[PDB]
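The chain contents come next:
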Amino acid sequence: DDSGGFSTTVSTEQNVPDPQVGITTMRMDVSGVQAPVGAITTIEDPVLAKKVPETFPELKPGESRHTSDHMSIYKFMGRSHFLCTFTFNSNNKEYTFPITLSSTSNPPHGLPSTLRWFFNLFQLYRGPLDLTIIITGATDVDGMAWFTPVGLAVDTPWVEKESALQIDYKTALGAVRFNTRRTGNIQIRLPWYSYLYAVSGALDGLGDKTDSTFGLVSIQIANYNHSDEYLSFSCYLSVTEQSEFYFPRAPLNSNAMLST
Amino acid sequence: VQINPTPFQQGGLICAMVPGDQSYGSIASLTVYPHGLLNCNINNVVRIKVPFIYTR
Amino acid sequence: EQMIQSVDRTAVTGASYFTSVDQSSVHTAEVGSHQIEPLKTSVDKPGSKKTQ
Amino acid sequence: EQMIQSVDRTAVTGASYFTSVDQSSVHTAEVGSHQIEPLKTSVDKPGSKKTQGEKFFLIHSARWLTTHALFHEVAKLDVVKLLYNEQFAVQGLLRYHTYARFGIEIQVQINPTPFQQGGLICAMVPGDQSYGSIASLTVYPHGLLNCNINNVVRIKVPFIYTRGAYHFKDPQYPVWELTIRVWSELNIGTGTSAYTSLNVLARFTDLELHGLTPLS
Amino acid sequence: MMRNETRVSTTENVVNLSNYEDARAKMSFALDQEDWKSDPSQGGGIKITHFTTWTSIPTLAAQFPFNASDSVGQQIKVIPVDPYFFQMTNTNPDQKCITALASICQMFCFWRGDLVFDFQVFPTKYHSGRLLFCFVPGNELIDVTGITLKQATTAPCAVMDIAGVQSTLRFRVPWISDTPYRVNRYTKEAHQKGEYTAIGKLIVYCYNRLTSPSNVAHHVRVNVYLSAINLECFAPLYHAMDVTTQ
Amino acid sequence: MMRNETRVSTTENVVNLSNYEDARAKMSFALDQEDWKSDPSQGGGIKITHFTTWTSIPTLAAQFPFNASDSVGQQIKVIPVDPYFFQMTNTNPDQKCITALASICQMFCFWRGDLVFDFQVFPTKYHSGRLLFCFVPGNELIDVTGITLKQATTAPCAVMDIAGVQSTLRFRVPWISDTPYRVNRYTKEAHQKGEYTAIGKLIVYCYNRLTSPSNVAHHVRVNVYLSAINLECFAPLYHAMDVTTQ
Amino acid sequence: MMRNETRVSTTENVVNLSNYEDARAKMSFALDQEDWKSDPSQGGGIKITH
């Protein structure tokens with residue numbers, strides 16, 4: 001050992017990540033004439049807690065009968081979920097919302113139903129996301145969407161007002177241009193623009209508003225308005241296959257899993 | 001962590017290692033963390049080795 | 001014949017000079033590893049006896 | 001160096017499903033052996049699952065008469081529910097075991113006098129006779145009856161059910177429903193007897209048992 | 001002369017979010033279309049790609065003591081055996097304690113797999129008596145509290161001595177069921193025969209009484225962990241579960 | 001019979017400008033779709049494809065003299081060590097002098113890399129005395145002007161003689177930092193702990209006094225060049241920097 | 001310079017249901033685009049394709 005802390009016993013590898021793939025398949029009797037050794041054990045020792053669990057003479061349940069797999073995050077959170085929604089009141093009211101992974105920020109100004117539970121199951125996060133926005137409402141409205149990383153000048157979060165920024169600062173960072181009559185929906189990546197190593201969801205203090213945020217999606221509109229009709233935008237998120245996960249955390253209690 | 005009970009008592013403790021804070025973690029789901037339990041029956045010495053878990 | 005092994009009672013661990021021997025011992029668990037930094041945020045040598 | 005061995009504390013013993021692990025154990029002594037009987041006081045095989053739970057069980061006794069019209073349903077019953085009764089030996093295996101998976105064997109024997117005429121139908125119907133055609137029942141695995149040739153038929157059908165195992169305490173719907181309808185009217189003259197019997201001998205095939213219950 | 005014609009098919013401008021192969025984006029904000037590599041230095045190497053890490057770890061779900069003022073065969077606590085089982089809470093802070101198995105399974109319509117209970121006792125070295133961990137199958141709604149103790153001997157079970165130097169008996173639950181797929185009925189608010197959530201019910205009987213010395217207490221507390229094996233879940237949803245107060 | 005159908009995917013008519021693979025044009029105005037070859041005749045062969053050409057060339061960033069009327073250990077000038085450092089200007093014409101390193105780095109959110117200062121003196125051949133180029137790490141906002149001269153000996157440093165026939169001492173700055181990515185905070189206008197811009201602060205101490213003859217002046221001017229090595233910057237922006245008046 | 005042009009042919013946005021090769025769907029609701037295999041255990045093997 002590099003440190004020099006010696007002991008009379010041996011500490012083994014505790015809490016092994018991903019012990020089993022959740023497909024029920026074959027990879028005689030599981031228990032039977034052979035006696036169950038994992039029927040009785042000692043749980044205070046993590047060495048003897050590694051014993052195989054059985055109490056009954058068993059055999060195989062068999063092979064599962066769905067072709068797809070629904071036990072990995074790459075194909076469970078791939079189905080997208082809700083983040084936020086917002087409306088419009090007057091001409092060129094640029095909207096700005098951040099993505100904050102904290103559980104202190106209660107929804108609608110924070111994390112809603114599925115993403116609040118999912119962004120507090122694991123400690124650190126490092127990687128991109130999928131963003132699918134939906135435009136529904138009035139016609140002949142011009143718009144523009146762009147990205148802005150943390151640690152820069154940007155407008156006020158979650159407040160719809162006139163933008164103090166200009167076309168030189170918005171377009172030099174990277175943007176798209178569309179119209180609400182052609183397609184009305186955008187599926188766009190959310191790249192990892194962060195100077196720090198990895199963001200963490202559950203924090204408190206002054207580090208929760210600094211060591212959790214990793215991105216900002218902000219929209220400016222134009223050619224508003226026409227005859228009186230609502231103009232509502234939607235924002236969904238889904239995980240991508242480029243990110244990873246770290247240090248499995250205890251899940252959220254029943255008083256935090258709330259929806260909008 | 002070393003504790004010293006007399007064997008005419010009974011009860012148990014928990015010793016988990018938490019990154020950051022106990023903000024919204026479950027008390028009943030603390031065994032997912034690398035922990036070590038205590039008992040008035042068997043043992044009084046446990047050890048936990050955890051790595052550097054930090055945003056930087 | 002099966003035998004369930006139990007925890008050792010005597011253990012000689014510690015540091016260089018600070019020396020402790022316990023009568024009630026437990027297995028020291030260990031997870032992860034000491035991670036190195038490839039994009040070095042410090043291009044010089046760390047603090048040591050030879051340079052200080 | 002001498003060492004006196006002591007008694008082991010942990011022991012994993014018991015039965016198939018009943019599982020016990022003890023902290024204070026002792027060596028299970030054993031004397032003698034299971035003795036066989038050479039002058040056999042029982043010349044047949046002992047009681048087992050293969051000979052008890054699969055044997056023909058009479059479930060219903062009706063009587064097909066002459067006054068029945070065309071396409072009149074003689075029998076309307078559940079093959080699975082009538083086998084669930086106290087007066088059979090298949091009650092003894094199904095009382096402790098809740099789940100069930102079985103195939104249906106059917107043999108129906110009737111007895112007409114040869115001075116009558118007419119015919120019957122015996123189809124095996126999954127679920128119910130909700131909107132099935134009476135005239136198109138031969139698509140089902142059936143067996144017909146005749147006053148001319150035969151009086152014994154047999155039908156072997158598999159387990160047709162929306163699920164795999166069966167629950168006895170609260171069924172969603174009946175699995176099979178044996179139907180018997182008048183295929184031809186039974187005519188007599190003067191002096192010929194105006195009754196003929198009907199019997200249904202049914203049994204299970206390929207039974208599985210899973211998940212023992214403590215309740216009856 | 002250019003000859004490049006394709007007729008526009010159906011499903012034109014329809015947001016498809018059932019799978020991820022049509023939910024993926026077709027472009028990128030990134031300059032030069034960059035990628036993101038793996039950096040296993042500051043994460044400690046713990047990389048989670050699968051929900052098995054939270055489920056099979058034993059997490060506390062209930063609590064029942066073993067008093068000495070009870071009769072031989074008296075029912076102590078009845079347990080609906082499911083992954084949806086949690087009842088503990090805390091007053092300070094305002095929180096209701098959740099099990100790591102229930103949060104994984106509350107995001108699905110169906111579930112299938114075995115379950116492993118871990119009944120850890122904390123007695124003194126001088127307590128005694130035994131228990132009986134009988135498995136009564138069926139559904140969550142019968143009159144289960146009328147079962148005689150010798151009628152529970154027909155069902156599968158496991159005996160256990162309280163005294164000794166090993167506490168946790170890892171009791172595993174078989175899949176005793178009539179349907180292969182067992183539905184999340186807790187999304188609904190109306191009971192219905194045919195749709196269940198529990199494949200059995202656990203009863204810790206008072207198989208023997210509690211003998212003890214005078215200088216200790218007259219109760220032995222039994223914890224209820226919750227772990228699972230061969231677990232399988234599909235058809236996702238969202239439902240915040242409620243505390244089962246039995 | 002033609003069978004050529006494709007369902008229209010998402011991101012229909014969206015201007016994508018994050019990278020250049022979706023920002024490139026799909027056609028050309030050019031007749032016969034022409035191309036443009038390389039002609040290295042009138043350009044002198046100097047072809048720049050990389051921003052390293054402006055950064056590592058030593059450009060003047062500050063100015064401080066070395067007077068003789070000062071005390072032993074008196075602080076002369078404190079320097080926030082960053083690529084964002086410039087203070088010189090000119091009255092005729094109306095212009096504020098910029099360093100070639102700062103213009104490259106003012107178009108980014110983050111920066112990472114080493115820095116090399118070049119302190120060139122212009123004495124006579126008869127001046128003397130020494131200096132101490134101590135590196136005090138941390139952030140840009142502490143009370144740095146309370147450090148004792150012998151307390152600066154714990155930090156890494158470099159001694160230097162003023163007399164001799166070599167002027168420039170190429171002092172290199174290591175990356176002493178807590179975060180691997182160091183942010184451009186000058187876009188914001190509110191201070192915040194956690195986000196920094198300087199990985200250290202330079203203090204040229206009065207390690208010894210100035211001895212001189214009578215027929216010269218009593219001051220030795222020290223220039224401050226600015227060069228860098230192992231430099232790395234990403235996440236572009238636009239920000240016109242302000243003159244740091246220390 | 002990108003050169004990717006196709007002129008739109010006829011039968012634009014016409015529901016074709018004469019055969020199934022134009023009546024099939026172009027996507028799926030299913031997560032990870034799953035498939036469905038054969039399970040000849042509870043059906044008794046009686047499979048009708050005709």
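Refer to the preceding data block for the structure.
Parameters and conventions
- Residues numbered from 1 in each chain as written, not as in the entry; some residues may be left out.
- Chains lettered and ligands numbered in written order.
- Part of a larger assembly, values for the part shown.
- Heavy atoms only, no water.
- Residues with missing side-chain atoms left out of burial classes, pairs and counts.
- Helix = DSSP H or I, 4+ residues; strand = E, 2+ residues; numbered from the N terminus.
- Rg over C-alpha atoms; globule rule 2.2 N^0.38 Å.
- Contact = heavy atoms within 4.5 Å.
- Areas by Shrake-Rupley, 256 points an atom, 1.4 Å probe, with all protein chains shown as cover.
- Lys, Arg positive; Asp, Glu negative; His and termini not counted.
- Charge placed at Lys NZ, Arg CZ, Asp CG, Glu CD.
- 1 Å grid on protein atoms, 1.4 Å probe; cavity = no way out; pocket = protein on both sides within 12 Å on 5 of 7 lines; lining within 4 Å.
- Points joined across faces, edges and corners; volume = space filled by probe spheres on them.
- Nonpolar A, V, L, I, M, F, W, Y, C, P; charged D, E, K, R; others polar.
- Patch = residues over 30% accessible without salt bridge, like charges linked within 9 Å, V, L, I, M, F, W, Y side chains within 5 Å.
- Salt bridge = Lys/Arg side-chain N within 4 Å of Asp/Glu carboxyl O.
- Buried < 20%, exposed > 50% of the residue type's maximum accessible area, 1.4 Å probe, protein only.
- Buried area = accessible area lost by both parts, 1.4 Å probe.
- Pairing = 2+ DSSP bridges.
- Axes fitted to C-alpha atoms, helices over the stretch in contact; angles between N-to-C directions.
- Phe/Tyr/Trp six-rings, centres within 6.5 Å; stacked < 30°, edge-to-face > 60°.
- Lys NZ or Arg CZ within 6 Å of the ring centre and 35° of its normal.
- Polar contact = N/O pair within 3.5 Å; in protein donor to acceptor, adjacent residues only side chain to side chain.
- Core = buried A, V, L, I, M, F, W, Y, C linked by side-chain atoms within 4.5 Å.
- Disulfide = S-S within 2.5 Å.

Re the overall build of chain D
Argument step 1. Assigned secondary structure in chain D consists of 3 helices and 10 strands.
Argument step 2. Walking chain D from its N terminus toward its C terminus, one meets helices and strands in the order β-β-α-β-β-α-α-β-β-β-β-β-β.
Argument step 3. The C-alpha atoms of chain D give 26 Å as radius of gyration, which overshoots the globular expectation for 216 residues (17 Å, by more than 25%).
Argument step 4. Each of the three principal axes of chain D carries a C-alpha extent, and together these read 105 × 50 × 25 Å.
Argument step 5. A separation of at least 24 residues holds for 79% of the contacts in chain D among residues at least 6 apart in sequence.
Argument step 6. Total accessible area on chain D is roughly 13,200 Å²; 53% of this is exposed by carbon and sulfur atoms.
Argument step 7. Taken as two groups, the 17 positive and 17 negative side-chain charges of chain D have centres that lie 6 Å from each other.

Topic: the arrangement of the chains
Argument step 1. Contacts between protein chains span 17 pairs of chains, and they are most numerous for chains A and E.
Argument step 2. At the C-alpha level, the nearest point of chain B lies 14 Å from chain D, with no contact between them.
Argument step 3. At their nearest point, the C-alpha atoms of chain D and chain F are still 37 Å apart, with no contact between the two.

With respect to empty space enclosed by the protein
Argument step 1. Of the pockets and cavities examined, the largest cavity occupies roughly 70 Å³.
Argument step 2. What lines the largest cavity is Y161(D), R163(D), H167(D), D170(D), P171(D), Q172(D), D178(E), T179(E), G194(E) and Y196(E).
Argument step 3. Residue classes in the lining of the largest cavity are distributed as 3 nonpolar, 4 polar and 3 charged.

Description of a nonpolar patch on the surface
All names here are of chain D.
Argument step 1. The grouping of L70, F71, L144 and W183 at the surface amounts to a nonpolar patch, some 350 Å² of accessible area in total.
Argument step 2. With respect to the helices and strands, the residue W183 is situated in strand β9 (residues 176-187).
Argument step 3. Classification of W183 as partly exposed rests on a relative accessible area of 35%.

Quick notes on the interface of chain A and chain E
Argument step 1. Contact with chain A, which involves 75 residues of that partner, is made by 76 residues of chain E.
Argument step 2. Here chain A packs against chain E, burying approximately 7,300 Å² in sum over the two surfaces, 59% of which is carbon and sulfur.
Argument step 3. The largest share of the area that chain A buries against chain E comes from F56(A), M71(A) and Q187(A), three residues that together contribute 9% of it.
Argument step 4. Along the contact surface separating chain A from chain E lie 3 salt bridges.

Re the sheet that holds strand β9 (residues 216-222) of chain A
Residue and element names in this part refer to chain A.
Argument step 1. The 4 strands are arranged β2-β9-β5-β6 in an open sheet whose pairing can be described as antiparallel. A strand with exactly one partner marks an edge of an open sheet, and here the two such strands are β2 (95-98) and β6 (175-179). Taking each pair of neighbouring strands and ignoring which way they run, the sheet shows an average axis angle of 15°.

Quick word on the side chain of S80(A)
Argument step 1. Residue position: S80(A) is located in the segment before β1 (81-86).
Argument step 2. Those residues within four positions of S80(A) in sequence are excluded, and the remaining contacts are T132(A), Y236(A), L237(A), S238(A) and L17(E).

Topic: the pairing of strand β6 (residues 117-126) of chain D
Residue and element names in this part refer to chain D.
Argument step 1. Across the 10 residues that make up β6, a large majority, 8, are buried.
Argument step 2. Pairing of β6 with β9, which is carried by 9 bridges, proceeds in the antiparallel orientation. When the bridges of β9 are listed, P126 appears paired with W176.
Argument step 3. In the sheet, β6 pairs with strand β7 (residues 145-146) via 2 bridges, with the strands oriented antiparallel. For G119, the partnering residue across the bridge sits in β7 and is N146.

What about the packing of aromatic side chains?
Argument step 1. Overall, the coordinates contain 56 aromatic pairs over all chains when judged by the stated rule.
Argument step 2. A ring pair is formed by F117(E) and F119(E), whose centres lie 6.1 Å apart and whose planes are at 35°; its orientation type is tilted.
Argument step 3. Ring pairing ties together the aromatic residues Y84(D), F102(D), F159(D), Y161(D), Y166(D), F168(D), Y173(D) and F204(D), which thus form one cluster.
Argument step 4. Of note, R126(A) hangs over the ring of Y197(A), and the distance from its end group to the ring centre comes to 5.2 Å.

Concerning unusual backbone geometry
Argument step 1. With an omega dihedral of 0°, the bond running from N92(E) to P93(E) counts as a cis peptide bond.
Argument step 2. Secondary-structure assignment places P93(E) in the loop between β2 (75-80) and α2 (100-105).
Argument step 3. Positive phi is not limited to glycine here, since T11(F) has a value of about 55°.
Argument step 4. With respect to the helices and strands, the residue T11(F) is situated in the segment before α1 (52-55).
Argument step 5. Although it is not a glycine, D32(F) sits at a positive phi angle of roughly 65°.
Argument step 6. With respect to the helices and strands, the residue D32(F) is situated in the segment before α1.

Quick look at the pairing of strand β6 (residues 169-173) of chain E
All names here are of chain E.
Argument step 1. Burial within β6 is extensive, with 5 of its 5 residues counted as buried.
Argument step 2. Neither face of β6 is open: one carries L169, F171 and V173, the other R170 and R172, and all of them are buried.
Argument step 3. Two strands pair when backbone bridges link them, and strand β3 (residues 108-121) and β6 are joined in this way by 5 bridges, in the antiparallel orientation. Opposite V116, over in β6, you have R172 as the bridge partner.

Thoughts on the interface of chain F and chain C
Argument step 1. Facing 9 residues of chain F, the contacting portion of chain C comprises 6 residues.
Argument step 2. For the pair chain F and chain C, the summed buried surface comes to about 650 Å²; carbon and sulfur atoms form 56% of the total.
Argument step 3. In this structure, the connection of chain F to chain C is made through 0 salt bridges.
Argument step 4. Across the chain F-chain C interface, the total number found is 4 residue pairs in polar contact.
Argument step 5. Considering only residue class, the side of chain F that touches chain C consists of 5 nonpolar, 1 polar and 3 charged.

Quick word on the side chain of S227(F)
Residues and elements named next belong to chain F.
Argument step 1. Among the secondary structure elements, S227 is positioned in strand β10 (residues 227-236).
Argument step 2. Overall, the relative accessible area of 1% leaves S227 in the buried class.
Argument step 3. Setting aside chain neighbours within four positions, we find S227 in contact with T55, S56, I57, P58, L115, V116, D118 and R170.

Overview of the environment of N225(A)
All names here are of chain A.
Argument step 1. Structurally, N225 is set in the loop between β9 and β10 (231-239).
Argument step 2. Under the relative-accessibility criterion, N225 is labelled partly exposed at 46%.
Argument step 3. For the pair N225 and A138, spaced 87 residues apart in the sequence, the C-alpha separation amounts to 8.2 Å.

Some points on the sheet that holds strand β7 (residues 185-190) of chain A
Residue and element names in this part refer to chain A.
Argument step 1. With respect to topology, 4 strands assemble into an open sheet ordered β1-β10-β4-β7, the strand pairing being antiparallel. In this open sheet, the two edge strands, each paired with only one partner strand, are β1 and β7. Neighbouring strand axes in the sheet, compared pairwise and without regard to direction, differ in orientation by 20° on average.
Argument step 2. Taken together, the 9 bridges between strand β4 (residues 129-137) and β10 define a ladder with antiparallel strand orientation. In the strand pairing of β10, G137 is matched with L231.

Side note on the nonpolar core
In a soluble, globular protein the nonpolar side chains are often hidden away together inside.
Argument step 1. By size, the foremost hydrophobic cluster in this structure holds 116 residues, and its most contacted members are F97(A), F117(E), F119(E) and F171(E).
Argument step 2. With sequence-adjacent residues up to four places away left out, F117(E) is seen in contact with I79(E), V81(E), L169(E), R170(E), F171(E), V173(E), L202(E), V224(E), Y225(E) and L226(E).
Argument step 3. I59(D), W64(D), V80(D) and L186(D) belong to the second-largest nonpolar core, a separate cluster that totals 39 residues.

Description of the state of the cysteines
Argument step 1. Evaluation of the coordinates by the stated rule reveals 0 disulfides over all chains.
Argument step 2. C147(D) carries a free sulfur, and the closest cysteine sulfur to it, the one in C122(D), is 13 Å from it.
Argument step 3. When its relative accessible area of 22% is taken as the criterion, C147(D) is described as partly exposed.
Argument step 4. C97(F) carries a free sulfur, and the closest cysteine sulfur to it, the one in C105(F), is 19 Å from it.
Argument step 5. The exposure class of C97(F) is partly exposed, given its relative accessible area of 33%.

Note that all results are geometric; they support no functional claim without further evidence.
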